[PDB]
């Protein structure tokens, strides 16, 4: 019926890119750069946050089946955003994506698009569709962050601080392979869990079950703390590796 789009962390040691001699750090960098390229190009074009995320998910899934050495990332990214716009009903003309991609990329980077940028992108749409197995519908942590937050009642100002901080962590998790490890429902819980720890909030008090200390179990069944901690560790690693710090 429907395909499986989730892998184990250990499996990422065997992507096509890794097996062609790319080391784990380089593929991680190529993924951040491609995701952020998708994010920045679409933000300049005024695109909805779901449209950006969908393109990024296509992008991440694509390079579970192909190598970064044979498919230039920025072309792939532009193609994913181009298709994402049509899937999410926020369409853009390919020429406009190229225009924006040229504005943001230097001369070396834009060399990936070759002599005819639009053609390189439009041609890839075929491989993209076959690669993502024509499974175009994607759900993202954002909707669950909001669906679950609405069921919290208490200090409006503390809950909105929780949401925005969690929302930021969702945007930051798009640069990582968490999209390929855990369903979005779990991601949304993990970012609520993380923000709560950082803001020193006890979310259970805001739930309909204020003495149920594992507050997330009413939103997402069968999620151990092991998973939420693994996700939190991966998100904060991005902040520690860079110079940026937790939003707070």
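Residue numbers count along the first chain shown, from 1. Between two forms, the rigid core is defined as the largest C-alpha subset superposing within 1.5 Å.
*Between 179 to 187 and 202 to 210, where do the CA atoms move more in 8 other deposited structures of this protein, taking the root mean square over the structures and residues after a core fit?*
Farther on average in 8 other deposited structures of this protein: 202 to 210.
_Greater mean Cα temperature factor according to the PDB record, 17 to 25 or 233 to 241_ = Higher of the two, by average CA B-factor, is 233 to 241.
*Segment of higher mean CA temperature factor, 196 to 204 or 181 to 189*: According to the entry, 196 to 204 carries the higher average C-alpha B-factor.
*Would you please rank residue 85 by its C-alpha temperature factor against the other modelled residues of its chain and give the third it falls in: lowest, middle or highest?*
Bottom third by C-alpha B-factor.
*Thinking about Cα B factors across the chain, which third does residue 77 belong to?*
Middle third.
*asked:* Please say which third, lowest, middle or highest, residue 92 falls into when its CA temperature factor is compared across its chain.
replied: Tercile = middle for this residue's CA B-factor.
*Going by the recorded CA B-factors, say which third of the chain residue 121 sits in, lowest, middle or highest.*
As the PDB entry reports it, the C-alpha B-factor of residue 121 lands in the middle third of its chain.
*Taking the values exactly as deposited, rank residue 127 by C-alpha B-factor within its chain and report the matching third: lowest, middle or highest.*
Tercile = lowest for this residue's CA B-factor.
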